[PDB]
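Working through the structure, step by step
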2 protein chains.
Amino acid sequence: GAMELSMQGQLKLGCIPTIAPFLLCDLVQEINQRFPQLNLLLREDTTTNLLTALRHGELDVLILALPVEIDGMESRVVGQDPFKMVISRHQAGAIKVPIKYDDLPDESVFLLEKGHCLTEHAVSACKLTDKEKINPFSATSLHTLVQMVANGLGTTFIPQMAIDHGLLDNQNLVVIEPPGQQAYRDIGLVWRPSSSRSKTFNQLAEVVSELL
Amino acid sequence: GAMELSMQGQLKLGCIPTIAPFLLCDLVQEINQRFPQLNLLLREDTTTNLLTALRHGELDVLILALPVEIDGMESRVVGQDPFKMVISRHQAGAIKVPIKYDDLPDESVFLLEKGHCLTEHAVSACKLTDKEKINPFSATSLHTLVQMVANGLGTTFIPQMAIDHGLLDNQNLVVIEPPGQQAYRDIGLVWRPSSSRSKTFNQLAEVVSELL
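Numbering of residues starts from 1 on every chain and follows the order in which that chain's sequence is written, so it may differ from the entry's own numbering; residues lacking coordinates are left out. Note on labels: chains are lettered from A, ligands numbered from 1, in written order. Hydrogens and waters are ignored; side-chain quantities use all the structure's heavy atoms.

For this deposited structure, the header cites X-ray crystallography as the method used and 1.520 Å as the resolution.

Here you go:
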């Protein structure tokens, strides 16, 4: 017979669509090795829906792009994800580098529809202020946005973690620096102040920081 | 001075989340070469929302997984997309091959939540009838579903076009045949009977058929 005898157990983690396909692959491989008893149940949803789930205790922690509206939550920025622009190789000549927005054709910049935070982050970080350059047809996923660019229709902003995870492979695209600073978005973990699992979230924040 | 002088112009195409990231990359590369004056504006959305947009004339044509409810629309099946199962390399020993569902642990099969048609197609084509094998935590995107499998939590069904497009790369997964037939989903194009662009859609159907 036999005697009866923070990074263990189950965690419910939410993440936005322009982060989840990319960073979470790396996170799972790391925690498999470093925290083998941590089971990560995963939710992908919009920033607004993730925040509602977090408030309602349906998720333990979020990985978000910041800044977004998170009043009352606790957050920790863990790294920076640069922005690039992309154009098709076949349109590379019709668009001059360095990019100057005023020299682009009207309606040549495609963007995700409002409610994708990639759009608010990229437009502000990359200082696109001339709305006449934005195509009126809004994209509804990062993959189909990039495919329209690959079809030669214009240009857009993409996060570095997508490039590093092969999103552009076999689509004959060229990667270009956007105007302004070296522009980027913050990545952060977000959780409830009343949670009893802050020790877990801070350990997870350290792991995520090393992936950026 | 100078005298004034079907696959040309603009097309609005909708596609479901478990097809769009994969097949549409191939489609754009092909049409760039073969139909260089065809501009493809792209929409990614749920089957139900795509059908509403199609009915309302907000999209010209859909690429769907079939069968789904498309009363009153015109459709053309263009190919078959096999299903596979996946498990993590680290759980490969705890799950025996050939897979028999009755030998899997209870709650070991993760599935996308209802409203993702991948679930209805895979469960029926791969003949999973024991609901006790399904984990109660529903996935909300194919990427995060696969990441939970990569974390060692269980198994799931994935479409071949995702495997062929690198979805499993660097996640240390093993690909296994599901039970039943060589199980698969149909892929098809769907449009309005009253459309004036049937010649375009049938040419597009031929191109898509060659990609499957």
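Focus: the interface of chain A and chain B
This is how it is decided: Between two residues, a contact is recorded if the distance between any of their heavy atoms is within 4.5 Å. A 1.4 Å probe defines the accessible area here, and the buried area is the portion of it lost by two parts on being joined, summed over both. In the sections that follow, a salt bridge refers to a side-chain nitrogen of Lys or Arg positioned within 4 Å of a carboxyl oxygen of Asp or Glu. Definition of a polar contact: a pair of N or O atoms within 3.5 Å, with one able to donate and the other able to accept a hydrogen when the atoms are protein atoms, and with sequence-neighbouring residues admitted only if both atoms are side-chain atoms. Counting from the N terminus, the helices are the DSSP runs of H or I reaching at least four residues and the strands are the DSSP runs of E reaching at least two. Three classes are used: nonpolar for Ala, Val, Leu, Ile, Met, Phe, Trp, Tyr, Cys and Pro, charged for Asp, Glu, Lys and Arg, and polar for all others, with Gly counted as polar.
Taken residue by residue, the interface counts 30 residues in chain A and 30 residues in chain B. Note on chain A versus chain B: buried area summed over both sides is about 2,700 Å², and carbon and sulfur give 57% of it. In this assembly, chain A and chain B are joined by 0 salt bridges. Counting across the interface, chain A meets chain B through 10 residue pairs in polar contact. For the side of chain A that touches chain B, the secondary structure elements donating two or more residues are α1 (20-34), β2 (38-44) and α4 (142-150) of chain A. Broken down by class, the residue content of the side of chain A that touches chain B amounts to 15 nonpolar, 12 polar and 3 charged.

Quick look at the domain arrangement of chain A
Residue and element names in this part refer to chain A. Where we set the bar: How far each domain reaches was decided by an automatic or database domain assignment.
Along its sequence, chain A is carved into domain 1 (1-81 + 187-212) and domain 2 (82-186). If you average the C-alpha positions of domain 1 and of domain 2, the two centres end up 28 Å apart. In this complex, domain 1 contributes 21 residues to the contact, which on the side of domain 2 involves 18 residues. Taking both sides of the interface into account, the surface hidden between domain 1 and domain 2 amounts to around 1,500 Å²; carbon and sulfur atoms contribute 63%. When the buried surface of domain 1 facing domain 2 is broken down by residue, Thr-18, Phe-22 and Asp-81 rank first, second and third, together holding 51% of it. For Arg-185, the salt bridge is made with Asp-81, and the minimal N-O distance between the two is 2.8 Å. Run the count over domain 1 and domain 2 and you get 9 residue pairs in polar contact. Mapped by element, the contributors of at least two residues to the side of domain 1 that touches domain 2 are α1, β3 (61-66), β4 (74-88) and β7 (184-191). Among the residues forming the side of domain 1 that touches domain 2, the class breakdown is 13 nonpolar, 6 polar and 2 charged.

Side note on the relation of the copies chain A and chain B
We apply this condition: Least-squares superposition on C-alpha atoms places the copies onto one another.
Mapping chain A onto chain B calls for a rotation angle of 180 degrees and an axial translation of 0.0 Å; the resulting RMSD is 0.0 Å. Those values place the two copies in the arrangement expected of a two-fold rotation axis. Rotation axis and chain A: the residue whose C-alpha lies nearest the axis is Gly-166 of chain A, separated from it by 4.3 Å. Taken as a fraction of all interface residues of chain A, those also at the interface in chain B reach 100%, which identifies the copy contact as same-surface.

Let's talk about the packing of aromatic side chains
All names here are of chain B. The cut-off we apply is this: Aromatic pairing here means that ring centres of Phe, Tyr or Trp (its six-membered ring) are within 6.5 Å. Orientation follows from the plane angle: under 30 degrees is stacked, over 60 is edge-to-face, and everything else is tilted. Residue burial is assigned from relative accessible area. The probe radius is 1.4 Å, only protein chains are included, and a residue is buried under 20% of its type maximum, exposed over 50%, and partly exposed in between.
Counted by the stated rule, this structure contains 4 aromatic pairs over all chains. Both rings, one in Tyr-101 and one in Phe-157, keep their centres 6.3 Å apart while their planes meet at 80 degrees; by these two values the pair is edge-to-face. Residue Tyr-101 is located in the loop between β4 (74-88) and α3 (117-125), and its partner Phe-157 is located in strand β5 (residues 156-159); the two are separated by 56 residues in the primary sequence. For the pair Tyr-101 and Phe-157, a shared accessibility class is recorded, and that class is buried. With a centroid separation of 5.4 Å and 40 degrees between ring planes, the pair formed by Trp-191 and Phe-201 is classed as tilted. Note that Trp-191 is positioned in strand β7 (residues 184-191) and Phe-201 in helix α6 (residues 198-210), a separation of 10 residues in sequence. According to the relative accessible area criterion, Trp-191 is buried, its value standing at 4%.

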